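The chain that follows stands alone, in the form deposited in one PDB entry, written as structure tokens.
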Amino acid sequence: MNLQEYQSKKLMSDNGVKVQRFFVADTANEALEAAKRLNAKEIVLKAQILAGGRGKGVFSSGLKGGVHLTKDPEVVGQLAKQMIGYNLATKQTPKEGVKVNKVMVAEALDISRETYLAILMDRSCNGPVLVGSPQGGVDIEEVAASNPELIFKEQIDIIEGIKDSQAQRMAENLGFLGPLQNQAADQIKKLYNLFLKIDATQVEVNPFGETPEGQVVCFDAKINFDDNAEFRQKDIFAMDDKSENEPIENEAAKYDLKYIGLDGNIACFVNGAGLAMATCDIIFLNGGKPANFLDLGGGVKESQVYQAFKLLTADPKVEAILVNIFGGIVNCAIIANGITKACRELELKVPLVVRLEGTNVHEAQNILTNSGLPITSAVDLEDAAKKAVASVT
């Protein structure tokens, strides 16, 4: 899922993590009153869109720049008037931009020292890990490439929790000194608790730094959430912003389908994550480009097959559909029925390459044979990939 800057920073603030003071406004007058209530020396107005490059973006109103600094609350309201309800186009958006419904009115903070700090689950050490670097404000794996001595890690025991010696050592390795080191150590402990509380896969703060006035602040952050934990994080997943997503992926999300759009023209209908990845791989190895990844496993129901198939046929890029099922818990006849009925109330118009194996495959092939659909049956993975590639321009 995705959160706006104001959503993740509010999540951090509500759990004792220090961020810049801010309000969110839905109208220009709301932004003006928010700027007045801030009582801040300098104010930053930020359009709320997920994509990056807001600083160099252009609004459909003609206003240049999605991030503006000013000391006058009336300027905040006037500039917000040229922001809200307009589209903001940046280097990372489609050329028609993204509609800005909300702006952030925040206290503008000066930054005198930047560090990197992230918290995630370490697969090798089977527990949470603190990953920090005193070289903040840049790409982290860039630092790891040229200065691996500047990456510091603290492995944390999940049952023991974060220890004060772990928080203090990381704050020291990040470069914080004296009272600012104690402040940073305490913020690391509150970032750790937040990380566990919200079932995050990663809380990444960059820059994790300090103001000239001697406050340790999380100036910007990104939080990735564990999708497996949505059932116990519904209040956070309710905040999900799907307005900048691939619209087909939004449709897939409505039906709990694992769909990832790609740039090819061969649609993939697969019942396993490994097989679907392998299907994309073998299409590429035989000269094709897959249009999507699709993992439809578990106790799949015919209605899920019906929707997924309609989803693939709604993609204008798709010139052919490769169905590849090795069913174990998946009953192949459920696949065959969902596809045949889908092609009834949809009028199939692209080549259909089908390969079925496993649970109840013989009954499933009989459903396809008696369907009269234009099907090209495949023999194995290689045959399926070559036949699908042969079906497209």
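Numbers for residues come from their place in the sequence shown, where the first is 1. By rigid core we mean the largest C-alpha set that fits within 1.5 Å across both forms.
Taking the recorded C-alpha temperature factors, which stretch has the higher mean, 258-266 or 245-253? The entry gives the higher C-alpha B-factor average to 245-253.
When the Cα temperature factors in the entry are averaged, is it 79-87 or 146-154 that ends up higher? Per the deposited B-factors, the answer is 146-154.
Out of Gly287, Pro290, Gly132, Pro94, whose C-alpha atom has the biggest B factor in the entry? Of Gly287, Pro290, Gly132, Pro94, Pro94 has the highest C-alpha B-factor.
Kindly indicate the residue among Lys190, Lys310, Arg169, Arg232 with the greatest C-alpha B-factor in the PDB record. Comparing C-alpha B-factors across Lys190, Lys310, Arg169, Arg232, the maximum falls on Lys310.
According to the PDB entry, is the CA B factor of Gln202 in the bottom, middle or top third of its chain, that is, lowest, middle or highest? Lowest third, going by the recorded CA B-factors of the chain.
Relative to the other modelled residues in the chain, which third contains the C-alpha temperature factor of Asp72: lowest, middle or highest? Ranked within chain, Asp72 CA B lands in the lowest tercile.
By its CA B factor, does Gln181 count among the lowest, middle or highest third of the modelled residues in the chain? For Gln181, the deposited C-alpha B-factor lands in the lowest third.
Is the Cα B-factor recorded for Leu348 in the lowest, middle or highest third of its chain? Tercile = highest for this residue's CA B-factor.
Within this chain's modelled residues, let me know which third the CA B factor of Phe225 belongs to: lowest, middle or highest. Tercile = lowest for this residue's CA B-factor.
Separately, the form deposited in another entry exists; it is not shown, and the next lines address it.
Once you align the rigid core, which of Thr90, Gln187, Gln233, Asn206 turns out to move its Cα at least 2 Å between the shown form and the other one? So the residue whose C-alpha moves 2 Å or more is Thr90.
Rigid core fitted, then: does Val354 show a CA shift of 2 angstroms or greater between the shown form and the other one? Shift at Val354: below 2 Å after core fit.
How about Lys71 - superposed on the rigid core, does its CA move between the shown form and the other one by 2 Å or more? Moves: yes, 2 Å or greater.
Taking the rigid core as reference, does the Cα of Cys218 move 2 Å or more between the shown form and the other one? Stays below the 2 Å threshold, so no.
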